[PDB]
Amino acid sequence: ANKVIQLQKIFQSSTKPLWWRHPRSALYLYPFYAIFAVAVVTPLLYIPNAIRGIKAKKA
Amino acid sequence: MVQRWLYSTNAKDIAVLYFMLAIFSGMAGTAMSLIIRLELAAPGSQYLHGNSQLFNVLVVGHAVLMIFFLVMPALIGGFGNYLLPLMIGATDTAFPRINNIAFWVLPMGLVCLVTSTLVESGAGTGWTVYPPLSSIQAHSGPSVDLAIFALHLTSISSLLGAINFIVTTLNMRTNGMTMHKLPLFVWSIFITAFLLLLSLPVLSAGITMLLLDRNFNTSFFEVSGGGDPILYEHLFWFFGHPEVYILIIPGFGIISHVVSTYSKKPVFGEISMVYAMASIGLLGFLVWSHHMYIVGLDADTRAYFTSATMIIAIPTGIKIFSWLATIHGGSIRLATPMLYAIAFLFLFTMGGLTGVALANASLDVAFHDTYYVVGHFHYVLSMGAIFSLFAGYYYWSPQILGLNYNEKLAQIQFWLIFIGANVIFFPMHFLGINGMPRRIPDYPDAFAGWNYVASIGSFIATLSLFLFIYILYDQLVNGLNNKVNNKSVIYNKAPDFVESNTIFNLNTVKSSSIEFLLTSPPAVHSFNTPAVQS
Amino acid sequence: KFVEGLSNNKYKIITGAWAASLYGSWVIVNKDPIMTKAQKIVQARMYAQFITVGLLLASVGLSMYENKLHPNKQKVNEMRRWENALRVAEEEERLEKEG
Amino acid sequence: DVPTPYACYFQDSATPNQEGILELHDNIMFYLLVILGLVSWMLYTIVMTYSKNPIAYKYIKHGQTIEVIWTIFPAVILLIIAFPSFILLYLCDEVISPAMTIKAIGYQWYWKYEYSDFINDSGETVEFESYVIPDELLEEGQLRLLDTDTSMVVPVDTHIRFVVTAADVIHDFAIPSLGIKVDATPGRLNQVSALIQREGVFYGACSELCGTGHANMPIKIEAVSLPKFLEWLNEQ
Amino acid sequence: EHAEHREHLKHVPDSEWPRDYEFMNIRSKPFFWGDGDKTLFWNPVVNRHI
Amino acid sequence: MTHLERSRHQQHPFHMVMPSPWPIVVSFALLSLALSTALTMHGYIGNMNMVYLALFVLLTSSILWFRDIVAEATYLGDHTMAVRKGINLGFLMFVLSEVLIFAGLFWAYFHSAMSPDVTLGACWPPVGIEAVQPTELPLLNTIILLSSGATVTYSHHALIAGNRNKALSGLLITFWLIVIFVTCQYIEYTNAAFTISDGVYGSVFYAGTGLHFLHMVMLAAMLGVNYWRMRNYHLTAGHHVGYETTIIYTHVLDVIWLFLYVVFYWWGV
Amino acid sequence: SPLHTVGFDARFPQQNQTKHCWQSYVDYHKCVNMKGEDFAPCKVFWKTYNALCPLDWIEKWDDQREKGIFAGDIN
Amino acid sequence: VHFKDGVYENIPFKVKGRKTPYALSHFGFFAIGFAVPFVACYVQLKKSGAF
Ligand code: HEA
Ligand code: HEA
Ligand code: CUA
Ligand SMILES: [Ca+2]
Ligand SMILES: [Cu+2]
Ligand SMILES: [Mg+2]
């Protein structure tokens with residue numbers, strides 16, 4: 001609803017990093033770090049079974 | 001410390017991350033070549049207990065690491081991202097987050113290539129991963145998939161960096177620099193980025209086709225189903241010859257800088273060098289089937305391809321004659337980059353002459369998949385591109401690091417690698433002309449005689465690499481003292497014959513590019529106000 | 001008469017006609033310049049492929065103008081190829097029997 | 001016919017193709033040695049007379065009357081080395097009136113040969129697989145990684161046509177002294193010709209990476225006179 | 001007139017189906033999802049692997 | 001302006017981007033995607049939850065990168081004329097790379113079709129394969145693409161002409177026509193006789209038009225974000241470069257769909 | 001000499017000869033419906049396909065013509 | 001961000017003021033790279049029963 005001047009006055013007069021300057025940034029950024037932290041380390045846990053040759057249980 | 005190096009957005013930091021990864025992966029590929037060459041030293045199983053699959057996996061790792069993880073991120077990734085903004089007067093590259101992801105997708109390609117080695121048996125297929133060997137019948141398991149993903153992440157890096165380079169030198173040149181007044185290294189990175197942009201799509205298409213063939217039951221190159229592996233050979237080598245001209249064109253730029261600054265006279269006919277590089281890049285797309293002379297083409301196909309493969313000897317000959325003309329009549333200052341440049345000018349021409357021996361499809365039936373081809377390309381690779389890479393390091397390292405290297409140790413290192421590389425790669429022509437095939441872990445006993453001397457030369461080459469590691473250590477620790485004592489060359493240009501030692505002191509550097517005028521180690525904000533040129 | 005003689009040059013004339021329509025409409029869209037070059041390219045191309053798809057449905061119109069000439073091809077000159085490949089085996093069988 | 005230790009030249013020719021390949025290679029190597037002597041002499045004399053030169057002729061940049069010469073002269077030497085190459089290329093492709101066909105099918109780490117002409121009194125097609133003699137069962141005097149248990153026997157002074165294909169992966173039917181190198185891909189049939197000029201035995205190997213048995217995949221061709229070929233074919 | 005052709009094709013069981021040619025329904029390894037032979041847009045009326 | 005006040009700005013027109021985490025985050029997401037798909041393709045991981053998580057993380061990290069680009073371009077005023085020219089040139093080099101991917105795929109189709117095999121029967125389309133006829137639904141798919149370009153052209157020129165309702169409505173019509181095309185391609189893929197496993201024909205056909213399908217679903221996404229930014233007044237009458245890149249993208253997907261049409265549906269039947 | 005072989009053919013005088021053996025096979029098997037038994041020149045096709053086409057392919061194609069999966073027109 | 005200038009501030013690794021010797025970091029950076037194919041060789045030979 002044309003908040004662009006009001007958002008310019010926040011994004012320019014701010015100290016926080018650019019991905020944190022919006023008021024709603026804590027709603028995006030805090031779940032994403034948890035989802036990212038499991039998404040990058042769960043294949044690394046399956047790397048040793050793939051080296052040993054152990055397939056997962058499907059039946 | 002995490003924002004400067006993990007969240008990085010300046011090109012001069014991403015360049016040294018590229019350089020650290022490049023020299024790490026070059027240590028990896030040199031270790032792999034030492035294992036290959038140690039197994040090849042004598043007939044019979046020597047060090048790997050039989051197990052020719054492990055030999056083939058090591059050959060794959062050696063080729064992929066040395067091409068896509070040493071020479072490309074060294075030359076393009078380090079030297080282009082560092083020097084092209086500094087030599088066109090740009091404050092940074094255009095699109096810098098792209099420039100950061102084009103580095104950080106390379107350790108991920110490295111870890112997936114290493115676990116490609118560690119899963120079931122590795123992908124022993126050659127670096128040209130040909131089906132049906134690279135299929136799911138002949139290579140069961142996740143090895144080849146992870147190798148294909150390594151190639152995908154490296155192609156993502158070298159495509160994003162190519163877009164970055166093209167735009168940042170078409171758009172961010174400083175305010176006197178027309179396109180005709182560019183340095184030759186900038187033209188090198190420019191033409192290389194176009195070759196990357198035009199060639200990496202077809203490779204990505206071909207190896208995604210292979211990946212879908214392996215895992216998604218589709219049949220692009222499956223014969224029982226309607227495929228053809230010659231389609232893979234076409235789609236691969238349409239990238240594969242532009243790839244090897246990509247590997248050599250920044251080397252041409254580095255040599256044209258080094259030769260001119262150590263001959264103390266400008267390059268003979270600079271715009272013809274630009275035209276020659278552009279002609280090599282254009283004609284490199286028209287020659288791709290000289291790697292396919294045996295597969296069963298027509299005679300007129302092979303006649304055109306000998307003609308087109310032959311007529312690229314003209315611009316490379318123009319470049320090499322221009323290098324001889326720009327050292328003729330000079331005042332040669334025999335420093336380590338000059339030694340590497342003269343060794344380039346000899347050994348690259350020997351590799352190119354064996355290349356025009358290979359260009360004749362009439363004759364390539366005697367040399368295909370022999371060690372003669374291995375001799376040609378290891379000449380023009382490990383004595384063209386590696387020698388120009390060493391020349392670029394010894395040419396730019398004290399400027400962009402702030403620390404000088406030991407000059408005597410550098411010349412010892414040069415003479416050891418120049419001896420050792422010749423001793424590896426010169427008998428390979430004898431083996432290949434007598435009929436020794438490629439990619440074999442074991443050979444008939446009549447090939448033992450030159451194989452032994454080649455693997456003796458391998459130890460000279462890796463000894464000079466270990467000496468280079470010590471040269472890096474001595475530069476990083478004692479590099480401020482090498483300026484004080486007489487262990488290093490401080491000025492790469494001597495005074496002219498009537499120039500006083502005091503009149504030299506007001507004009508210590510006499511360069512035709514901005515790189516040697518900057519502050520040593522250059523500022524985080526170079527070019528606050530823009531540089532200006534008539 | 002002329003109809004199949006340039007109806008097997010069918011997908012080699014329509015791409016040339018596309019190139020003709022774009023690179024011909026280019027001068028008519030570029031003769032009045034105030035738009036940027038990209039808008040001229042997209043409007044000339046927008047006209048040109050309306051032309052090629054209209055000409056392509058005229059292509060299928062010609063395709064069934066034209067093979068009430070001789071019915072049931074895609075095999076009646078595999079007939080030709082197989083018929084004379086047959087009796088060129090005949091021309092060899094005889095004078096190796098009598099030669 | 002066989003590699004020798006410390007060799008540096010081709011194996012001894014046995015077909016007109018290989019003896020033409022040798023002459024084209026030497027004709028190319030002639031002008032290649034001219035160019036190598038030129039650029040190595042310049043690279044020697046320049047750094048040995050201008051390393052000790054203290055005044056650099058820094059105003060030599062153009063050279064118009066000689067840039068055209070070193071553009072033109074590589075082109076005419078390309079033309080000179082390209083004149084016999086085209087003649088050999090258009091001579092080696094014709095397979096005109098051969099007196100024998102032989103199919104060679106590369107399986108994974110054996111070759112399978114198939115004489116298919118029914119010139120026999122048996123009238124049936126002759127096929128056999130030729131495996132490498134393994135290192136533990138080599139009887140004394142045999143050539144390691146070259147000798148096989150069965151052999152491909154061919155008459156001399158006979159135009160032979162090799163039709164080459166594969167079964168699973170890409171192989172390469174290659175014999176250097178006969179001068180044939182032909183890719184066996186699992187979809188198609190290539191052909192080469194040969195005329196063996198002298199009797200003997202000629203070795204070759206798979207020159208295409210087949211997998212883990214790639215080094216253990218040799219070719220052995222015994223060329224005999226036509227009586228002895230016939231009496232060999234009468235058994236197998 | 002194609003939905004009605006699928007309507008009358010729903011009444012033709014698989015022994016009355018035409019036998020697949022050699023290149024049809026390549027099965028190198030089973031697909032890693034689902035039940036094996038079914039692909040991503042496998043409509044079981046128009047597609048059948050017997 | 002004075003020297004004292006000119007010294008408080010940049011002296012050169014180029015964007016010095018602040019340090020950002022999304023390069024290394026997207027790089028680790030591509031790592032997790034590669035390592036997850038290479039292990040679920042071979043059964044070392046039970047289900048597709050790791051691949052789903054990896055693709056979701058990849059998409060959201062790209063979205064946060066694009067959010068920061070929108071923030072730089074709109075709320076900080078960092079995109080000058082030189083930066084605009086550079087972004088347009090980078091997008092043009094990008095679409096040239098993707099046209100070359102499609103040229104490789106067309107090479108695959110032509111190498112299979114110019115002289116086909118003997119295992120299909122020296123035939124194209126192969127025996128038993130019921131080819132998609134070019135008259136029924138793909139003709140409507142060409143029509144709703146040539147019309148989508150005509151809608152986005154007046155939407156663009158009405159964005160320049162000061163109109164708001166005539167540009168938003170044209171953008172909405174363009175977006176809905178693109179999703180009409182995507183649902184029609186889904187309907188064709190369901191009611192197609194051959195599958196992707198049905199030989200080299202199904203391979204090359206679904207490869208080409210499925211890559212076009214993926215480019216069209218990304219086109220629908222960027223038309224949606226352009227509608228969002230035009231409704232919320234981010235796009236202006238003189239500075240709309242993401243909109244311009246989307247227009248370039250529509251008009252190259254149009255011509256490569258035409259090449260796919262006349263090759264895969266007319267010459268190849 | 002009793003040695004006789006397929007000569008080169010003007011339809012296929014290049015290096016690849018896949019459509020020599022496949023064409024002579026489909027020409028032989030589409031003789032014997034239109035031609036029939038004991039016909040003297042359909043052994044020209046027989047010598048041509050069995051001299052240069054490999055045994056795996058011949059038995060695969062004969063199996064496919066008993067299937068109804070042969071991709072030629074011999075009925 | 002404004003970053004530090006100077007001689008040793010352009011490298012991600014520490015050289016001068018360290019509680020450990022630098023040659024540790026320097027030569028263990030390269031010995032790991034020289035030792036990846038030996039780890040590769042060891043595991044693909046233990047998988048093939050040669051050890
Ligand atoms: C970048 C190209 C490159 C380089 C430099 C090398 C270097 C070497 N290579 Fe090889 N090689 C290939 C590319 C290269 N190779 C390719 C493409 C294949 C084909 C694979 C296939 O057939 O599928 C191959 C295959 C190949 C074969 C054929 C084996 C086979 O066919 O299976 C052999 C033979 O022994 C070999 C050995 C060597 C040896 C002993 C070196 C030695 O020269 C190593 C000595 C070199 C150095 C010591 C360089 C310095 C090291 C650095 C790290 C530079 C650092 C400097 C800076 C960072 C400024 N490699
Ligand atoms: C550094 C990269 C690089 C460069 C620059 C070259 C340069 C050339 N190469 Fe090479 N080549 C490779 C990398 C490179 N190559 C690789 C990696 C392979 C193997 C891939 C694989 O199989 O795995 C290969 C293999 C390869 C083949 C395939 C053979 C086979 O696989 O069977 C051919 C065929 O023509 C070829 C020829 C040439 C020619 C004609 C040049 C020319 O550009 C050289 C031009 C230079 C000169 C000619 C010398 C200087 C000129 C003069 C002094 C003027 C006077 C001379 C004349 C007039 C002749 N090389
Ligand atoms: Cu058969 Cu290598
Ligand atoms: Ca050995
Ligand atoms: Cu090449
Ligand atoms: Mg080969």
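What you see below is based on every heavy atom in this structure, not just the backbone, and it leaves out hydrogens, waters and symmetry mates. By convention in this document, chain letters (A, B, ...) are assigned in the order of the sequence lines, proteins followed by strands, and residues within each chain are numbered from 1.
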Residue from B:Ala94, B:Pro96, B:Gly227, B:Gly141 scoring the most non-hydrogen pairs under 4.5 Å with chain F is B:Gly141

So what's closer than 4.5 Å to chain F heavy atoms on B:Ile14: side chain, backbone, both or neither? neither

Below 4.5 Å from any heavy atom of chain F, which atoms of B:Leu203 appear? Answer side chain, backbone, both or neither. neither

Between B:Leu198 and F:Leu96, is there a side-chain heavy-atom distance shorter than 4.5 Å? yes

Would you compute the distance between atom CG of F:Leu31 and atom CZ of B:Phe149 and round it to the nearest 0.5 angstrom? 11.5 Å

Quick check on F:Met18 against chain B: is it the side chain, the backbone, both or neither that has a heavy atom closer than 4.5 Å? backbone

Most chain B-contacting option - heavy-atom pairs closer than 4.5 Å, from F:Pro19, F:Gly104, F:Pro13, F:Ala207: F:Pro19

Among the options B:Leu170, B:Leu235, B:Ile148, pick out the one with the most heavy-atom pairs lying under 4.5 Å from chain F. B:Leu235

CD1/B:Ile136 to CE/F:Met41 distance, rounded to the nearest 0.5 angstrom? 10.0 Å

For B:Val223, is it the side chain, the backbone, both or neither that has a heavy atom under 4.5 Å from a heavy atom of chain F? backbone

Tell me, out of B:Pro142, B:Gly225, B:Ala205, who's got the most heavy-atom pairs with chain F below 4.5 Å. B:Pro142

Note: vs chain F, highest number of non-hydrogen pairs under 4.5 angstrom among B:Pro530, B:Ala150, B:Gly226 is B:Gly226

May I have a table of the donor-acceptor pairs connecting chain B and chain F at distances under 3.5 Å?
{"unit_1": "B:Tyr7", "atom_1": "O", "unit_2": "F:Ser20", "atom_2": "N", "d": "3.3"}
{"unit_1": "B:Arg97", "atom_1": "NH1", "unit_2": "F:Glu72", "atom_2": "OE2", "d": "2.7"}
{"unit_1": "B:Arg97", "atom_1": "NH2", "unit_2": "F:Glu72", "atom_2": "OE1", "d": "2.9"}
{"unit_1": "B:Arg97", "atom_1": "NH2", "unit_2": "F:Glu72", "atom_2": "OE2", "d": "2.8"}
{"unit_1": "B:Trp104", "atom_1": "O", "unit_2": "F:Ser27", "atom_2": "OG", "d": "3.3"}
{"unit_1": "B:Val105", "atom_1": "N", "unit_2": "F:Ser27", "atom_2": "OG", "d": "3.3"}
{"unit_1": "B:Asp145", "atom_1": "OD2", "unit_2": "F:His42", "atom_2": "NE2", "d": "2.5"}
{"unit_1": "B:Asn171", "atom_1": "ND2", "unit_2": "F:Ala82", "atom_2": "O", "d": "2.9"}
{"unit_1": "B:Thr218", "atom_1": "OG1", "unit_2": "F:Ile196", "atom_2": "O", "d": "3.4"}
{"unit_1": "B:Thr218", "atom_1": "OG1", "unit_2": "F:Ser203", "atom_2": "OG", "d": "2.4"}
{"unit_1": "B:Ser219", "atom_1": "N", "unit_2": "F:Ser203", "atom_2": "OG", "d": "2.8"}
{"unit_1": "B:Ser219", "atom_1": "OG", "unit_2": "F:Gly199", "atom_2": "O", "d": "3.4"}
{"unit_1": "B:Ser219", "atom_1": "OG", "unit_2": "F:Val200", "atom_2": "N", "d": "3.1"}
{"unit_1": "B:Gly225", "atom_1": "O", "unit_2": "F:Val200", "atom_2": "N", "d": "3.2"}
{"unit_1": "B:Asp228", "atom_1": "OD2", "unit_2": "F:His111", "atom_2": "NE2", "d": "3.3"}

Please indicate whether F:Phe66 has more than 12 foreign heavy atoms, meaning atoms of other residues, nucleotides or ligands, lying under 6.0 Å from its CZ. no

Under 4.5 Å from any heavy atom of chain F, what part of B:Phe103 do you find: side chain, backbone, both or neither? neither

Is there side-chain contact between B:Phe221 and F:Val200, with heavy atoms separated by less than 4.5 Å? no

Would you compute the distance between atom CE of B:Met108 and atom CG of F:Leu35 and round it to the nearest 0.5 angstrom? 9.0 Å

Are there more than 12 heavy atoms of other residues, nucleotides or ligands under 6.0 Å from atom CE of B:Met1? yes

Under a 4.5 Å heavy-atom cut-off, does chain B meet the side chain of F:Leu211, its backbone, both or neither? neither

Picking from B:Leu159, B:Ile163, B:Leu197, which has the most non-hydrogen pairs under 4.5 angstrom with chain F? B:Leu197

Option in F:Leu105, F:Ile196, F:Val83, F:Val17 with maximal non-hydrogen atom pairs under 4.5 Å from chain B: F:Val17

Select, from F:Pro116, F:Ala108, F:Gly43, the one with the greatest count of heavy-atom pairs under 4.5 Å involving chain B. F:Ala108

Going by side chain to side chain contact (heavy atoms under 4.5 Å, CB included), name the residues that satisfy it together with F:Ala103, two or more places apart in sequence or in a different chain. none

